[PDB]
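Numbering (the deposited numbering), first residue to last: 0 to 75, 81 to 277.
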């Protein structure tokens, strides 16, 4: 039978993942907070991953797959706690794999280089350190850590809005890395479809094909929205890093939005009604 899936964390990524997995025939349940309204038709329960006493029901779901999105939502208190509590509460479930949504922010090194999963991350802030601490736990589990770059998509249109106001553009012209919400969800669904037969890797960077300096993205977005700014050189390109998605491409997954031109092209078209 198709694997039963528990998605812990029902933000936009978890909801889009649930939609795809349900369409493919899986039994999917989410774990959300009470202040998080759900769209009609999604199956969830309310619990608090930081409070073990609210997690006593989840083992009855008997998931074969856990997708844990909470630490990623938290990234955007300790993160490892919530994951530890959730795994402990699943003692007794027929759990075969854990997919953990992490962040490329764990790569705190700033380099004018391409980094990949072989590059050791040097965390430079509390969020990165907490994320690597949450990751570390999974060493004993059959698992895949997914370090997502910056998610964009419906309801994550900050770059589109910022592009409308060139006086508010950042002084530093750093590299930016992104993944569209629907590719992040579809890649996890793809790995779930593959898990039984093409065993997933323990770690992927989940990012699209084209990092770019933030000013190039802002100008491209400004150009397509009729936003005026002065012609001329952008600030020197410096800061952050470039992230390679070579391993994601080698899995056979096909990006829906290979680069910002495709993804932001679609979002501009949709927001216009």
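Backbone N, C-alpha and C define an ideal beta-carbon position, used for all residues, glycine too.
Identify whether residue i lies in helix, strand or coil by the three-state DSSP scheme.
| i | result |
| --- | --- |
| residue 133 | helix |
| residue 107 | strand |
| residue 217 | strand |
| residue 6 | strand |
| residue 28 | strand |
| residue 94 | coil |
| residue 201 | coil |
| residue 210 | strand |
| residue 53 | helix |
| residue 126 | coil |
| residue 148 | strand |
| residue 21 | helix |
| residue 44 | strand |
| residue 252 | helix |
| residue 39 | coil |
| residue 142 | helix |
| residue 235 | coil |
| residue 72 | helix |
Can you round the beta-carbon distance between residue i and residue j to whole angstroms, since I take them to be within the 8 Å contact cut?
| i | j | result |
| --- | --- | --- |
| residue 7 | residue 41 | That belief does not hold up - the Cβ atoms of residue 7 and residue 41 are roughly 14 Å apart, past 8 Å. |
| residue 229 | residue 167 | 6 Å |
| residue 80 | residue 2 | Placed between 75 and 81 in the numbering, residue 80 has no coordinates, as the chain goes from one to the other without interruption by modelled residues. |
| residue 138 | residue 84 | 4 Å |
| residue 189 | residue 19 | 6 Å |
Going by C-alpha distance, which of the options is nearest residue i?
| i | options | result |
| --- | --- | --- |
| residue 68 | 59, 86, 18, 137 | 86 |
| residue 113 | 103, 121, 125 | 125 |
| residue 254 | 264, 194, 11 | 194 |
| residue 30 | 24, 11, 23 | 11 |
| residue 100 | 145, 249, 71 | 145 |
| residue 62 | 4, 91, 118 | 4 |
| residue 127 | 239, 136, 236, 81 | 136 |
| residue 77 | 134, 121, 53, 35 | Residues lacking coordinates in the chain include everything strictly between 75 and 81, among them residue 77. |
| residue 162 | 33, 206, 268, 27 | 268 |
| residue 164 | 44, 25, 275 | 275 |
| residue 34 | 157, 26, 46 | 46 |
| residue 104 | 271, 148, 181 | 148 |
| residue 207 | 51, 140, 158 | 140 |
| residue 129 | 15, 75, 264, 89 | 75 |
| residue 15 | 186, 50, 88, 218 | 186 |
| residue 0 | 9, 18, 132, 25 | 25 |
| residue 90 | 203, 233, 52, 263 | 52 |
| residue 55 | 142, 92, 19, 217 | 92 |
| residue 217 | 182, 202, 22, 196 | 182 |
| residue 203 | 256, 13, 70, 270 | 256 |
Which residues share a DSSP beta bridge with residue i?
| i | result |
| --- | --- |
| residue 269 | BP columns for residue 269 are empty, so no partner. |
| residue 154 | 182 |
| residue 67 | 7, 104 |
| residue 241 | 177 |
| residue 160 | 157 |
| residue 119 | 247 |
Are at least three pairs of beta-carbons, each pair with one atom in the region 107–116 and one in the region 147–166, less than 8 Å apart?
yes
Does the region 212–224 come close enough to the region 158–175 to have 3 or more Cβ pairs within less than 8 Å?
yes
Contact the region 115–122 vs the region 87–99: 3+ CB pairs below 8 Å:
no
Under 8 Å, with one C-beta from each stretch per pair, do the region 243–260 and the region 209–219 reach the 3-pair mark?
Between the region 243–260 and the region 209–219, the count of C-beta pairs closer than 8 Å reaches three or more; the two stretches touch.
Inter-stretch contact (C-beta, 8 Å, three-pair minimum) for the region 238–250 and the region 175–184:
yes
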